$ cat run.cif   # mmCIF, N, CA and C atoms
data_run
loop_
_atom_site.label_atom_id
_atom_site.label_comp_id
_atom_site.auth_asym_id
_atom_site.auth_seq_id
_atom_site.Cartn_x
_atom_site.Cartn_y
_atom_site.Cartn_z
N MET A 1 0.84 -1.21 0.00
CA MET A 1 0.00 0.00 0.00
C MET A 1 0.87 1.25 0.00
N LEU A 2 1.54 1.56 1.12
CA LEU A 2 2.40 2.74 1.30
C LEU A 2 3.90 2.39 1.38
N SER A 3 4.72 3.45 1.43
CA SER A 3 6.19 3.61 1.28
C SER A 3 6.40 4.82 0.34
N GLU A 4 7.53 5.53 0.38
CA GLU A 4 7.77 6.68 -0.51
C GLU A 4 9.26 6.97 -0.67
N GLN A 5 9.84 6.46 -1.76
CA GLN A 5 11.28 6.49 -1.98
C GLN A 5 11.65 7.73 -2.81
N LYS A 6 12.42 8.63 -2.20
CA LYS A 6 12.86 9.90 -2.78
C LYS A 6 14.31 9.78 -3.29
N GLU A 7 14.61 10.52 -4.35
CA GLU A 7 15.94 10.65 -4.94
C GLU A 7 16.73 11.86 -4.41
N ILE A 8 18.02 11.92 -4.71
CA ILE A 8 18.92 13.08 -4.59
C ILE A 8 20.10 12.91 -5.56
N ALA A 9 20.62 14.02 -6.10
CA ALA A 9 21.94 14.12 -6.73
C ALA A 9 22.88 14.93 -5.82
N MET A 10 24.17 14.58 -5.81
CA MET A 10 25.21 15.04 -4.87
C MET A 10 26.60 14.89 -5.53
N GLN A 11 27.69 15.44 -4.99
CA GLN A 11 29.02 15.34 -5.60
C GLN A 11 30.13 15.08 -4.56
N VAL A 12 31.05 14.15 -4.85
CA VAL A 12 32.15 13.72 -3.94
C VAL A 12 33.50 13.66 -4.66
N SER A 13 34.56 14.17 -4.03
CA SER A 13 35.93 14.11 -4.56
C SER A 13 36.79 13.03 -3.88
N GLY A 14 37.62 12.36 -4.70
CA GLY A 14 38.49 11.24 -4.33
C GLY A 14 38.31 9.99 -5.20
N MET A 15 37.35 9.98 -6.14
CA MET A 15 37.03 8.81 -6.97
C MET A 15 37.94 8.68 -8.20
N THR A 16 39.24 8.44 -7.98
CA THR A 16 40.25 8.32 -9.05
C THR A 16 40.34 6.90 -9.65
N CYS A 17 39.42 5.99 -9.31
CA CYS A 17 39.29 4.65 -9.88
C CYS A 17 37.82 4.21 -9.86
N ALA A 18 37.42 3.34 -10.80
CA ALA A 18 36.10 2.70 -10.83
C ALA A 18 35.75 1.96 -9.52
N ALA A 19 36.76 1.45 -8.79
CA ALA A 19 36.56 0.80 -7.50
C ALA A 19 36.03 1.77 -6.42
N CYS A 20 36.35 3.06 -6.51
CA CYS A 20 35.85 4.10 -5.62
C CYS A 20 34.34 4.31 -5.83
N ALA A 21 33.93 4.44 -7.10
CA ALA A 21 32.53 4.52 -7.52
C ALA A 21 31.76 3.26 -7.09
N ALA A 22 32.30 2.08 -7.40
CA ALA A 22 31.77 0.79 -6.97
C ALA A 22 31.49 0.76 -5.46
N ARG A 23 32.47 1.10 -4.61
CA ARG A 23 32.31 1.17 -3.15
C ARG A 23 31.30 2.20 -2.64
N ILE A 24 30.97 3.25 -3.39
CA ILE A 24 29.83 4.14 -3.05
C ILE A 24 28.50 3.44 -3.32
N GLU A 25 28.30 2.85 -4.50
CA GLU A 25 27.04 2.18 -4.87
C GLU A 25 26.80 0.95 -3.97
N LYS A 26 27.84 0.12 -3.83
CA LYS A 26 27.90 -1.05 -2.96
C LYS A 26 27.86 -0.71 -1.46
N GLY A 27 28.18 0.53 -1.08
CA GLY A 27 28.16 1.02 0.30
C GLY A 27 26.79 1.57 0.69
N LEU A 28 26.21 2.45 -0.13
CA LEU A 28 24.92 3.09 0.13
C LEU A 28 23.78 2.07 0.14
N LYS A 29 23.75 1.11 -0.79
CA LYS A 29 22.72 0.06 -0.85
C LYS A 29 22.60 -0.79 0.45
N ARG A 30 23.56 -0.69 1.38
CA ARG A 30 23.50 -1.34 2.69
C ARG A 30 22.70 -0.56 3.75
N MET A 31 22.40 0.74 3.59
CA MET A 31 21.65 1.49 4.62
C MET A 31 20.18 1.05 4.63
N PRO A 32 19.55 0.77 5.79
CA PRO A 32 18.24 0.12 5.83
C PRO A 32 17.11 0.95 5.20
N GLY A 33 17.21 2.29 5.16
CA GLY A 33 16.27 3.14 4.43
C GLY A 33 16.62 3.35 2.96
N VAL A 34 17.80 2.95 2.49
CA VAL A 34 18.26 3.15 1.10
C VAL A 34 17.84 1.93 0.27
N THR A 35 17.44 2.17 -0.99
CA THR A 35 17.29 1.12 -1.99
C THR A 35 18.42 1.17 -3.00
N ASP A 36 18.76 2.34 -3.54
CA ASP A 36 19.59 2.40 -4.75
C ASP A 36 20.58 3.58 -4.76
N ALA A 37 21.67 3.40 -5.51
CA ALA A 37 22.68 4.42 -5.78
C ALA A 37 23.36 4.17 -7.13
N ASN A 38 23.71 5.26 -7.82
CA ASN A 38 24.50 5.29 -9.06
C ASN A 38 25.45 6.49 -8.98
N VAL A 39 26.76 6.33 -9.17
CA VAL A 39 27.72 7.46 -9.15
C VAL A 39 28.57 7.46 -10.41
N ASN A 40 28.60 8.59 -11.12
CA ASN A 40 29.31 8.71 -12.38
C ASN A 40 30.80 8.97 -12.12
N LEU A 41 31.64 7.97 -12.41
CA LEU A 41 33.10 8.06 -12.35
C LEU A 41 33.61 9.27 -13.15
N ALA A 42 34.68 9.91 -12.66
CA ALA A 42 35.35 11.09 -13.22
C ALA A 42 34.54 12.40 -13.14
N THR A 43 33.23 12.36 -13.42
CA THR A 43 32.28 13.48 -13.33
C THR A 43 31.93 13.84 -11.89
N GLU A 44 31.92 12.83 -11.01
CA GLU A 44 31.90 12.89 -9.53
C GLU A 44 30.49 12.89 -8.91
N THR A 45 29.44 12.83 -9.74
CA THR A 45 28.05 13.07 -9.34
C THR A 45 27.40 11.76 -8.91
N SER A 46 26.98 11.70 -7.66
CA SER A 46 26.34 10.56 -7.00
C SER A 46 24.83 10.78 -6.87
N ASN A 47 24.05 9.76 -7.23
CA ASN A 47 22.60 9.84 -7.45
C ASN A 47 21.94 8.71 -6.65
N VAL A 48 21.18 9.04 -5.60
CA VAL A 48 20.87 8.10 -4.49
C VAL A 48 19.37 8.11 -4.16
N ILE A 49 18.79 6.94 -3.84
CA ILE A 49 17.33 6.74 -3.66
C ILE A 49 17.01 5.93 -2.39
N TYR A 50 16.15 6.51 -1.54
CA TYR A 50 15.81 6.05 -0.18
C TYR A 50 14.39 6.40 0.31
N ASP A 51 13.86 5.61 1.24
CA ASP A 51 12.71 5.91 2.10
C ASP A 51 13.17 6.82 3.28
N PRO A 52 12.77 8.11 3.30
CA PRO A 52 13.28 9.11 4.25
C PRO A 52 12.68 8.98 5.67
N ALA A 53 12.03 7.86 6.00
CA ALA A 53 11.49 7.59 7.34
C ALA A 53 12.52 6.94 8.27
N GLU A 54 13.55 6.30 7.69
CA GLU A 54 14.60 5.58 8.40
C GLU A 54 16.01 5.98 7.93
N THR A 55 16.18 6.56 6.73
CA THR A 55 17.47 7.12 6.29
C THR A 55 17.22 8.33 5.39
N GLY A 56 17.47 9.53 5.92
CA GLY A 56 17.29 10.82 5.24
C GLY A 56 18.60 11.42 4.72
N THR A 57 18.48 12.56 4.04
CA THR A 57 19.51 13.13 3.15
C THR A 57 20.89 13.32 3.78
N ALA A 58 20.98 13.85 5.00
CA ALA A 58 22.26 14.10 5.67
C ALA A 58 23.04 12.80 5.97
N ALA A 59 22.34 11.69 6.22
CA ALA A 59 22.97 10.39 6.42
C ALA A 59 23.69 9.88 5.16
N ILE A 60 23.26 10.28 3.95
CA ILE A 60 23.93 9.89 2.70
C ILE A 60 25.29 10.60 2.58
N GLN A 61 25.36 11.91 2.84
CA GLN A 61 26.64 12.63 2.78
C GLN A 61 27.62 12.10 3.84
N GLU A 62 27.13 11.78 5.05
CA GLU A 62 27.96 11.21 6.10
C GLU A 62 28.43 9.79 5.75
N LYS A 63 27.58 8.94 5.16
CA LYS A 63 28.02 7.60 4.75
C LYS A 63 29.05 7.64 3.61
N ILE A 64 28.98 8.64 2.72
CA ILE A 64 29.99 8.92 1.69
C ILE A 64 31.31 9.37 2.32
N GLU A 65 31.28 10.33 3.25
CA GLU A 65 32.45 10.75 4.04
C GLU A 65 33.10 9.56 4.77
N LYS A 66 32.31 8.63 5.31
CA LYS A 66 32.78 7.43 6.00
C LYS A 66 33.66 6.48 5.15
N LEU A 67 33.80 6.67 3.83
CA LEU A 67 34.79 5.95 3.01
C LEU A 67 36.20 6.56 3.07
N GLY A 68 36.37 7.81 3.52
CA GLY A 68 37.65 8.54 3.52
C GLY A 68 37.84 9.46 2.32
N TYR A 69 36.75 10.00 1.77
CA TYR A 69 36.74 10.96 0.66
C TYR A 69 36.66 12.42 1.17
N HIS A 70 36.37 13.38 0.28
CA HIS A 70 35.78 14.66 0.68
C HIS A 70 34.51 14.93 -0.13
N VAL A 71 33.33 14.98 0.51
CA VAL A 71 32.08 15.35 -0.17
C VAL A 71 32.12 16.85 -0.50
N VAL A 72 32.12 17.21 -1.79
CA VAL A 72 32.61 18.54 -2.26
C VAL A 72 31.50 19.58 -2.18
N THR A 73 31.29 20.03 -0.94
CA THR A 73 30.12 20.76 -0.49
C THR A 73 30.50 22.14 0.02
N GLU A 74 29.51 23.01 -0.01
CA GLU A 74 29.56 24.39 0.44
C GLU A 74 28.21 24.71 1.09
N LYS A 75 28.15 25.66 2.03
CA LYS A 75 26.86 26.20 2.49
C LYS A 75 26.82 27.73 2.44
N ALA A 76 25.60 28.25 2.29
CA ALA A 76 25.26 29.67 2.36
C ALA A 76 23.87 29.86 2.98
N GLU A 77 23.56 31.09 3.37
CA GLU A 77 22.25 31.48 3.88
C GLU A 77 21.51 32.35 2.85
N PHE A 78 20.20 32.15 2.77
CA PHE A 78 19.29 32.84 1.86
C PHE A 78 18.11 33.44 2.64
N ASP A 79 17.64 34.59 2.17
CA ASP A 79 16.65 35.47 2.81
C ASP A 79 15.31 35.52 2.03
N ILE A 80 14.20 35.24 2.72
CA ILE A 80 12.95 34.70 2.13
C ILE A 80 11.72 35.57 2.45
N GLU A 81 11.67 36.78 1.91
CA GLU A 81 10.46 37.62 2.02
C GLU A 81 9.28 36.96 1.31
N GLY A 82 8.22 36.70 2.08
CA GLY A 82 7.01 36.01 1.67
C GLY A 82 6.79 34.70 2.42
N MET A 83 7.84 34.13 3.02
CA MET A 83 7.69 33.16 4.11
C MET A 83 7.22 33.93 5.36
N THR A 84 6.10 33.52 5.96
CA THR A 84 5.44 34.19 7.10
C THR A 84 5.09 33.27 8.27
N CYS A 85 5.25 31.95 8.13
CA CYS A 85 4.74 30.92 9.05
C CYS A 85 5.28 29.53 8.66
N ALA A 86 5.15 28.52 9.53
CA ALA A 86 5.68 27.17 9.32
C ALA A 86 5.21 26.50 8.02
N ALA A 87 3.94 26.66 7.64
CA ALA A 87 3.42 26.15 6.37
C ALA A 87 4.06 26.83 5.14
N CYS A 88 4.42 28.11 5.25
CA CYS A 88 5.12 28.90 4.23
C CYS A 88 6.57 28.43 4.07
N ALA A 89 7.26 28.21 5.19
CA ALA A 89 8.56 27.57 5.21
C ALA A 89 8.49 26.19 4.53
N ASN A 90 7.59 25.31 4.98
CA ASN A 90 7.37 23.99 4.39
C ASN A 90 7.06 24.06 2.87
N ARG A 91 6.32 25.06 2.37
CA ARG A 91 6.06 25.25 0.94
C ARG A 91 7.33 25.39 0.10
N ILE A 92 8.29 26.25 0.47
CA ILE A 92 9.57 26.30 -0.26
C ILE A 92 10.51 25.15 0.12
N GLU A 93 10.50 24.69 1.37
CA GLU A 93 11.31 23.58 1.87
C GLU A 93 11.11 22.33 1.01
N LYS A 94 9.86 21.97 0.68
CA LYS A 94 9.55 20.84 -0.18
C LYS A 94 9.97 21.01 -1.67
N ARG A 95 10.77 22.03 -1.99
CA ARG A 95 11.72 22.02 -3.11
C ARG A 95 13.17 22.23 -2.62
N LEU A 96 13.44 23.28 -1.83
CA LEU A 96 14.77 23.68 -1.34
C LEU A 96 15.54 22.55 -0.66
N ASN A 97 14.86 21.67 0.08
CA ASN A 97 15.45 20.62 0.91
C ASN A 97 16.55 19.81 0.20
N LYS A 98 16.37 19.52 -1.10
CA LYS A 98 17.34 18.79 -1.94
C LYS A 98 17.43 19.28 -3.41
N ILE A 99 16.43 20.03 -3.90
CA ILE A 99 16.17 20.40 -5.31
C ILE A 99 16.58 19.25 -6.26
N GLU A 100 17.65 19.43 -7.04
CA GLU A 100 18.28 18.43 -7.90
C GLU A 100 19.79 18.72 -7.86
N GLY A 101 20.41 18.55 -6.67
CA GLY A 101 21.82 18.93 -6.41
C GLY A 101 22.13 19.69 -5.10
N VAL A 102 21.15 19.87 -4.21
CA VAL A 102 21.34 20.41 -2.85
C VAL A 102 21.41 19.21 -1.88
N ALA A 103 22.34 19.24 -0.92
CA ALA A 103 22.55 18.16 0.05
C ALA A 103 21.55 18.23 1.21
N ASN A 104 21.28 19.43 1.73
CA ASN A 104 20.26 19.69 2.76
C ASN A 104 19.91 21.18 2.90
N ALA A 105 18.64 21.47 3.19
CA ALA A 105 18.16 22.81 3.53
C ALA A 105 16.91 22.75 4.45
N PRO A 106 17.04 23.09 5.75
CA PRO A 106 15.91 23.29 6.67
C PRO A 106 15.49 24.77 6.68
N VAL A 107 14.21 25.06 6.42
CA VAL A 107 13.72 26.45 6.26
C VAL A 107 13.14 26.96 7.58
N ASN A 108 13.53 28.18 7.97
CA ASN A 108 13.13 28.79 9.24
C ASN A 108 11.70 29.37 9.21
N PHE A 109 10.94 29.14 10.28
CA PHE A 109 9.52 29.47 10.38
C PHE A 109 9.20 30.79 11.11
N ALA A 110 10.22 31.54 11.55
CA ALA A 110 10.06 32.87 12.16
C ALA A 110 11.14 33.88 11.73
N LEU A 111 12.37 33.42 11.48
CA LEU A 111 13.52 34.25 11.09
C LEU A 111 13.60 34.48 9.57
N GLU A 112 12.67 33.90 8.80
CA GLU A 112 12.44 34.19 7.37
C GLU A 112 13.70 33.97 6.50
N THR A 113 14.47 32.93 6.85
CA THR A 113 15.77 32.58 6.27
C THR A 113 15.86 31.06 6.12
N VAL A 114 16.79 30.59 5.29
CA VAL A 114 17.13 29.16 5.16
C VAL A 114 18.64 28.99 5.00
N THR A 115 19.20 28.00 5.70
CA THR A 115 20.59 27.54 5.54
C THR A 115 20.58 26.48 4.44
N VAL A 116 21.32 26.71 3.36
CA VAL A 116 21.37 25.80 2.19
C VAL A 116 22.78 25.21 2.09
N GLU A 117 22.88 23.88 2.16
CA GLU A 117 24.12 23.12 1.98
C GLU A 117 24.03 22.30 0.69
N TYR A 118 24.98 22.52 -0.23
CA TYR A 118 24.86 22.14 -1.64
C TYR A 118 26.21 21.80 -2.30
N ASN A 119 26.16 21.27 -3.52
CA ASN A 119 27.32 21.06 -4.38
C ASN A 119 27.44 22.18 -5.44
N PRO A 120 28.48 23.05 -5.39
CA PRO A 120 28.70 24.13 -6.36
C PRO A 120 29.28 23.57 -7.68
N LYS A 121 28.49 22.73 -8.36
CA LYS A 121 28.94 21.88 -9.48
C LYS A 121 27.98 21.85 -10.68
N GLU A 122 26.66 21.78 -10.46
CA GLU A 122 25.68 21.51 -11.54
C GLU A 122 24.41 22.39 -11.56
N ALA A 123 24.23 23.32 -10.62
CA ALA A 123 23.14 24.32 -10.62
C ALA A 123 23.65 25.67 -10.10
N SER A 124 22.85 26.74 -10.11
CA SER A 124 23.24 28.04 -9.53
C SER A 124 22.05 28.94 -9.13
N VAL A 125 22.33 30.20 -8.77
CA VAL A 125 21.40 31.15 -8.12
C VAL A 125 20.14 31.41 -8.96
N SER A 126 20.23 31.30 -10.28
CA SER A 126 19.07 31.33 -11.18
C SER A 126 18.05 30.21 -10.87
N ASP A 127 18.51 28.98 -10.68
CA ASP A 127 17.66 27.82 -10.42
C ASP A 127 17.02 27.89 -9.03
N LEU A 128 17.77 28.41 -8.05
CA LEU A 128 17.27 28.69 -6.70
C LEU A 128 16.16 29.75 -6.74
N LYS A 129 16.39 30.86 -7.46
CA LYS A 129 15.37 31.87 -7.74
C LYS A 129 14.12 31.21 -8.34
N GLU A 130 14.25 30.50 -9.46
CA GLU A 130 13.12 29.89 -10.16
C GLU A 130 12.37 28.84 -9.32
N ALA A 131 13.05 28.14 -8.41
CA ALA A 131 12.40 27.22 -7.46
C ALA A 131 11.54 27.94 -6.41
N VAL A 132 11.91 29.16 -6.00
CA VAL A 132 11.17 29.99 -5.03
C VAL A 132 10.09 30.86 -5.70
N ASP A 133 10.35 31.35 -6.91
CA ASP A 133 9.42 32.08 -7.77
C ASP A 133 8.14 31.28 -8.04
N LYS A 134 8.30 29.97 -8.17
CA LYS A 134 7.25 28.98 -8.33
C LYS A 134 6.24 28.97 -7.16
N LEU A 135 6.69 29.22 -5.93
CA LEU A 135 5.84 29.43 -4.75
C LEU A 135 5.39 30.90 -4.60
N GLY A 136 6.18 31.85 -5.11
CA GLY A 136 5.82 33.28 -5.19
C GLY A 136 6.54 34.20 -4.21
N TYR A 137 7.50 33.71 -3.43
CA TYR A 137 8.29 34.53 -2.51
C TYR A 137 9.47 35.16 -3.29
N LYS A 138 10.59 35.50 -2.63
CA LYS A 138 11.81 35.87 -3.32
C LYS A 138 13.02 35.30 -2.58
N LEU A 139 14.18 35.39 -3.21
CA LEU A 139 15.46 35.11 -2.60
C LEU A 139 16.33 36.36 -2.68
N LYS A 140 16.90 36.74 -1.54
CA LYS A 140 18.09 37.60 -1.49
C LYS A 140 19.22 36.85 -0.75
N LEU A 141 20.49 37.12 -1.05
CA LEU A 141 21.62 36.30 -0.59
C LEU A 141 22.34 37.01 0.55
N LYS A 142 22.71 36.25 1.58
CA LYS A 142 23.06 36.78 2.90
C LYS A 142 24.50 37.28 2.85
N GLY A 143 24.66 38.60 2.72
CA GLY A 143 25.88 39.24 2.24
C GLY A 143 25.98 39.24 0.71
N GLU A 144 25.73 38.11 0.03
CA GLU A 144 26.07 37.99 -1.40
C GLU A 144 25.06 38.59 -2.39
N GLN A 145 23.91 39.07 -1.91
CA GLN A 145 23.01 39.94 -2.66
C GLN A 145 22.02 40.56 -1.69
N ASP A 146 22.31 41.78 -1.25
CA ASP A 146 21.42 42.70 -0.52
C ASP A 146 21.33 42.38 0.98
N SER A 147 21.45 41.10 1.33
CA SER A 147 21.52 40.53 2.69
C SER A 147 20.17 40.40 3.39
#

$ encode --input "run.cif" --output "structure tokens"
Amino acid sequence: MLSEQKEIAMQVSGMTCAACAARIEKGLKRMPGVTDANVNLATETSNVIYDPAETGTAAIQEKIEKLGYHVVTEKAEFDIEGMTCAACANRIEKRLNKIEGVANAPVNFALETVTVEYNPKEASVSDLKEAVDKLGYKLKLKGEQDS
């Protein structure tokens, strides 16, 4: 009847052999909430699928780090005029949380801001804008555009 398996794309450095890629796919498929993983050798992009009730997004980046790599990540803060309450936070969060290349983002329900942890590899500030424009709020960047 029920279950709900969500995807993510992510990026990791240290995969200088096919055996490194193999050990990510063969490693992630062991987590009890995970079903599947595929990682593109040389390009560095890891693509992972799980039931988020027992294994959620941050556990994937930590299980990748647990091989002895560096998960090639950055974080920034974003400012969200038009978020006014927890349901408003949840409205953008249910895209921002992972989009198609973000590792994690929890959206604030009173401070009108979100901490975004991501891979600076395959998307940018245009796609973040267009993901929030779809709900109807805006993005300004914390120091990096207007603050």

$ closest_residue --input "run.cif" --among "A:141, A:39, A:34, A:102" --to "residue 77 of chain A" --atoms "only C-alpha atoms"
A:141

$ residues_around --input "run.cif" --residues "segment 123-126 of chain A" --least-positions-apart "4" --cutoff "8 Å" --atoms "all atoms listed in the file" --output "list in words"
residues 100, 101, 102, 119, 130, 131 and 132 of chain A

$ closest_residue --input "run.cif" --among "A:122, A:133, A:117, A:127" --to "residue 44 of chain A" --atoms "only C-alpha atoms"
A:122

$ closest_residue --input "run.cif" --among "A:11, A:145, A:35, A:43" --to "residue 72 of chain A" --atoms "all atoms listed in the file"
A:11

$ closest_residue --input "run.cif" --among "A:129, A:134, A:142, A:76" --to "residue 114 of chain A" --atoms "all atoms listed in the file"
A:76
